[PDB]
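To keep things clear, I will list the structure first and then write my remarks on it.
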Amino acid sequence: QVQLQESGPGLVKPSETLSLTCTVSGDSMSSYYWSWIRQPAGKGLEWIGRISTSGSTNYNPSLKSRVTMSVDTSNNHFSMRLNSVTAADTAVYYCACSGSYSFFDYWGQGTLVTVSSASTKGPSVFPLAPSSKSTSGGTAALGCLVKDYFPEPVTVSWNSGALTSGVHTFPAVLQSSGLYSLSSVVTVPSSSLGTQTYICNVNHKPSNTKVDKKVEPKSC
Amino acid sequence: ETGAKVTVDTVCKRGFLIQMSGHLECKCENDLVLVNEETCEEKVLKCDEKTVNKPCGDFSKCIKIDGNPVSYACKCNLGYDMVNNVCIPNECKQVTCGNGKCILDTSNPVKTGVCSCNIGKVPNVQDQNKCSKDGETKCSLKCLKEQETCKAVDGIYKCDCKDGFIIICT
Amino acid sequence: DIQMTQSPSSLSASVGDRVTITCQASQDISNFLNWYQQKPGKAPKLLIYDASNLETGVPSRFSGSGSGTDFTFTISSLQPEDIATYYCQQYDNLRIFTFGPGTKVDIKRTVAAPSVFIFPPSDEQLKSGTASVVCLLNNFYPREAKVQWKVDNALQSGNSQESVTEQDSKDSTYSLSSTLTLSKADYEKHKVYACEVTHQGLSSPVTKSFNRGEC
């Protein structure tokens with residue numbers, strides 16, 4: 001049993017080389033076939049290629065001329081390189097492995113790669129304050145507005161992951177400025193508004209921006 | 001051989017014939033593993049419930065072990081035993097050949113290991129029938145592929161490119 | 001592209017329903033066909049391997065059958081947490097992994113009215129010259145919903161955007177967030193900010209509003 005964690009550049013410029021790394025914890029890497037699989041937004045899954053620590057390679061013929069892969073067992077890294085990227089290479093990239101040669105039973109979380117000429121921009125985080133216009137029959141709603149970032153994605157947790165019930169993190173919208181905007185909300189009992197502190201934890205990996213925002217209630 | 005004698009007419013599925021001083025055997029293409037003496041397949045790299053009975057090496061499969069909790073291990077097929085982490089015929093357990101390998105004697109109804117030597121050596125009756133005596137072996141391989149002939153490569157006979165060809169042989 | 005098919009491309013079923021999905025490989029692959037479940041925003045999860053073998057820990061309501069080219073995947077009794085896109089995946093004689101086009105399964109449930117909340121722009125954002133007003137529609141069904149922004153009872157158009165969550169894995173509802181964006185100058189010119197929600201679960205439209213500067 002292994003745990004897989006992708007890491008990537010977020011942005012990559014067109015015609016340049018995309019480099020990704022998958023960090024592995026658990027069993028020996030030599031016990032698994034290592035593969036990358038990508039998925040464009042709202043599309044299906046495309047297997048990129050498979051390798052083993054023995055040096056065997058099995059790249060998808062559609063991408064063999066552009067892709068290479070390697071394993072560094074000394075640092076528990078499984079990597080791929082994709083040359084001459086274009087907009088068609090924008091996708092979520094997954095690393096995956098198996099002791100079997102024909103399926104994937106272990107997966108990472110995926111890392112979104114955006115092929116773009118633009119520079120990264122970190123988001124502004126604004127509170128969505130609960131008030132009387134934000135209360136129902138005993139239920140209050142609060143959240144955070146994550147505004148003006150590029151590229152995707154941002155992740156939002158609440159109270160460092162202690163608060164998960166009732167959380168709704170919405171798909172980002174593309175604004176006319178060319179930047180993304182997203183909101184994350186959570187519903188809580190109104191009786192808890194004055195007794196508990198609510199903090200949204202916003203992470204924008206492409207810009208290395210971590211923001212914690214305390215959301216304070218309104219009296220009205 | 002543990003099964004039928006491999007001959008020049010044997011088809012090695014996803015493999016090719018090689019010759020030593022006393023026998024023919026199939027060798028696998030690229031990184032495939034033998035599932036029997038005439039068949040090569042892809043191997044799994046981890047033995048567990050999902051890969052049980054799948055090939056994990058030459059003459060070995062992932063086998064369910066009926067232990068304290070159930071486990072799974074790469075275990076040699078019937079007739080073979082792990083020696084230096086490779087599956088060899090049981091009757092070869094204690095046989096050491098040197099410049100060669102131990103095989104089962106297909107001419108003996110009693111299962112018995114005998115030495116088959118690298119091309120260049122022959123069993124040395126002076127030295128416990130080990131592969132220490134120099135001796136010639138006539139190659140039996142047909143080698144009917146384009147510009148191919150029987151050549152000695154790393155102690156074994158195989159069909160390879162004729163004089164002046166590399167990579168089909170051009 | 002090598003051609004695989006999955007049928008249907010999508011379906012909507014009630015909790016407890018029997019769900020059957022089919023997959024046709026591009027060639028005879030014997031039993032080298034696997035089934036994955038991809039829940040929204042998550043990596044695919046292997047459920048069935050080698051056509052019919054249940055992955056360890058997967059509920060017994062999932063099963064697969066078939067050999068050669070024609071395969072089926074069955075959920076004997078659909079549960080709320082089973083909403084996902086399901087992919088078959090073949091492994092051919094060229095050692096190529098190919099995923100099918102996928103089947104999205106959605107859940108039919110009873111109509112559910114949204115809980116409506118409105119959020120004024122923060123003072124921090126107002127310092128920057130922009131005012132974002134947010135209207136939240138929480139846990140409703142079906143997905144179709146209408147949000148209208150009114151500023152001093154004047155209908156807004158062209159200055160709002162919205163997005164909708166995927167179906168909730170517990171109660172099978174949707175949520176919607178709509179953002180009204182104005183300049184700070186325009187925001188300070190008006191009193192009442194309201195979003196008006198029309199939905200199947202409401203007998204009449206529901207309005208949530210606030211007065212700028214009430215707090």
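Values below: all heavy atoms of this structure, side chains included; hydrogens, waters and symmetry mates excluded. Protein chains get the first letters and strands the later ones, always in sequence-line order, with residue 1 at the start of each.
Contacts classified as salt bridge (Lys or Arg N to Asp or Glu O under 4.0 Å) and involving residues 127-138 of chain C (residues at least two apart or in different chains) are not found. Within the structure, salt bridge (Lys or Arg N to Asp or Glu O under 4.0 Å) contacts touching residues 142-169 of chain A (residues at least two apart or in different chains) do not occur. Among residues at least two apart or in separate chains, salt bridge (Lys or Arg N to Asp or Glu O under 4.0 Å) pairs with a member in residues 155-183 of chain C are C:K104-C:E166. Listed by first and then second residue, the salt bridge (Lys or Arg N to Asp or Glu O under 4.0 Å) pairs that reach into residues 63-92 of chain A are A:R38-A:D89, A:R66-A:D89, sequence neighbours excluded. Every pair tested for ring pair (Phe, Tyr, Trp, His ring centres under 6.0 Å) that includes a residue from residues 57-76 of chain A fails, sequence neighbours excluded, so the list is empty.
Annotation: side chain of C:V133 is in contact with side chain of C:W149 (closest heavy-atom distance under 4.5 Å). In this structure the side chain of A:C97 reaches within 4.5 angstrom of the side chain of A:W34, judged on heavy atoms. Residues C:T85 and C:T103 are not in side-chain contact: their nearest non-hydrogen atoms beyond the backbone lie 4.5 Å or more apart. Residues C:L33 and C:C23 form a side-chain contact, since some pair of their non-hydrogen atoms from C-beta on lies under 4.5 Å apart. Looking at C:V147 and C:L176, their side chains come closer than 4.5 Å, going by heavy atoms from C-beta outward. With a 4.5 Å cut-off on side-chain heavy atoms, A:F170 and C:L136 count as touching. Here the side chains of C:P44 and A:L45 are in contact, with some heavy-atom distance below 4.5 Å. C:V197 is not listed as a side-chain neighbour of C:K208, based on a closest heavy-atom distance of 4.5 Å or more.
Taken to the nearest 0.5 Å, the CG atom of A:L63 stands 12.0 Å off from the OG1 atom of A:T68. For the atom pair OG1 (A:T155) and NZ (A:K205), the distance works out to 7.0 Å, reported to the nearest 0.5 Å. Taken to the nearest 0.5 Å, the OG atom of A:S207 stands 9.5 Å off from the CG atom of A:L11. Atom OG1 of A:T111 and atom CD of A:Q5 lie 8.5 Å apart (nearest 0.5 Å). Rounding to the nearest 0.5 Å gives a distance of 7.0 Å between CG of A:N60 and OG1 of C:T98. Note that the OG1 atom of A:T21 and the CG atom of A:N76 stand 12.5 Å from one another [nearest 0.5 Å].
Of the N and O atoms on the side chains of C:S128 and C:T130, not one donor lies less than 3.5 Å from an acceptor on the other residue. There is a side-chain donor-acceptor pair under 3.5 Å between A:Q3 and A:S25. Side chains of A:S190 and A:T135: no donor on one and acceptor on the other come within 3.5 Å. Side-chain N/O atoms of C:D106 and C:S12 include no donor and acceptor closer than 3.5 Å.
Among residues two or more places apart in sequence or in another chain, the side-chain contact (heavy atoms from CB on, under 4.5 Å) test is passed with C:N159 by C:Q156, C:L180, C:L182. Partners of A:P14 by side-chain contact (heavy atoms from CB on, under 4.5 Å), not counting sequence neighbours, listed by chain and number: A:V115. Remark: C:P142 pairs with C:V111, C:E144, C:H199, C:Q200 by the side-chain contact (heavy atoms from CB on, under 4.5 Å) rule, at least two apart or across chains. Partners of C:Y49 by ring-ring contact (aromatic ring centres under 6.0 Å, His included), not counting sequence neighbours, listed by chain and number: A:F103. Legend: residues meeting ring-ring contact (aromatic ring centres under 6.0 Å, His included) with C:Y91, ordered by chain and number and at least two apart, are A:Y101, C:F97. Legend: residues meeting ring-ring contact (aromatic ring centres under 6.0 Å, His included) with C:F99, ordered by chain and number and at least two apart, are C:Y36.
Judged by distance alone, with hydrogens and angles left aside, the side-chain atoms of C:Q167 form no donor-acceptor pair with the main-chain N or O of C:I83 at under 3.5 Å. A:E6 contributes a side-chain N or O that, together with a main-chain N or O of A:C95, makes up a donor-acceptor pair within less than 3.5 Å. Judged purely by atom type and a 3.5 angstrom limit, A:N201 has no side-chain atom pairing as donor or acceptor with the backbone of A:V156. Using a distance-only test at 3.5 Å, with no hydrogens or angles considered, no donor-acceptor pair links the side chain of A:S184 to the main chain of A:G143.
In the displayed structure, C:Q161 atom CD is contacted under 6.0 Å by more than 12 heavy atoms of other residues, nucleotides or ligands. Within a 6.0 Å sphere centred on CG of C:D1, other residues, nucleotides and ligands contribute 12 heavy atoms or fewer.
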(request) Applying side-chain contact (heavy atoms from CB on, under 4.5 Å), run through A:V154 and A:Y180 and close with a yes or a no. (result) CA-CA 10 Å; A:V154 298; A:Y180 293 102; over 6 Å; no
(request) Decide side-chain contact (heavy atoms from CB on, under 4.5 Å) for A:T57 and A:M69; before the verdict, give the C-alpha distance in whole Å, the side-chain angles of both, and the deciding distance to 0.1 Å. (result) CA-CA 8 Å; A:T57 70; A:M69 296 176 186; over 6 Å; no
(request) Step by step, work out the side-chain contact (heavy atoms from CB on, under 4.5 Å) result for C:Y86 and C:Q37. (result) CA-CA 5 Å; C:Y86 293 82; C:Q37 168 194 69; 3.0 Å; yes
(message) Show, in sequence, the C-alpha distance, side-chain angles and deciding distance for A:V173 and C:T179, and conclude whether the side-chain contact (heavy atoms from CB on, under 4.5 Å) test is met.
(response) CA-CA 10 Å; A:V173 295; C:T179 302; over 6 Å; no
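The heavy-atom pair separating A:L20 from A:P9 by the smallest distance is CD2-CD, 3.9 Å. When all heavy atoms are compared, the tightest approach of A:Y198 to A:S192 is OH-OG, 3.1 Å. Considering all non-hydrogen atoms of both residues, C:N34 and A:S102 come closest at ND2-O, 3.0 Å. C:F140 and C:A145 get closest at one heavy-atom pair: CE1-CB, 4.1 Å. Minimum interatomic distance between C:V19 and C:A13 (heavy atoms only, all atoms of both residues): CG2-CB, 4.1 Å. C:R95 approaches A:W47 most closely through the heavy-atom pair O-CH2, 3.7 Å.
Between A:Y106 and A:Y32, the ring planes lie perpendicular to each other; the angle is over 60°, past the 30° to 60° tilted range. Ring geometry for C:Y193 against C:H190 counts as perpendicular: the plane angle is over 60°, on a 0 to 90° scale with 30° as the lower cut.
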Could you list the donor-acceptor pairs under 3.5 angstrom formed by side chains in residues 112-124 of chain C, with sequence neighbours left out?
| residue | atom | partner | partner atom | Å |
| --- | --- | --- | --- | --- |
| C:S122 | OG | C:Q125 | N | 3.2 |
| C:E124 | OE1 | A:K213 | NZ | 2.5 |

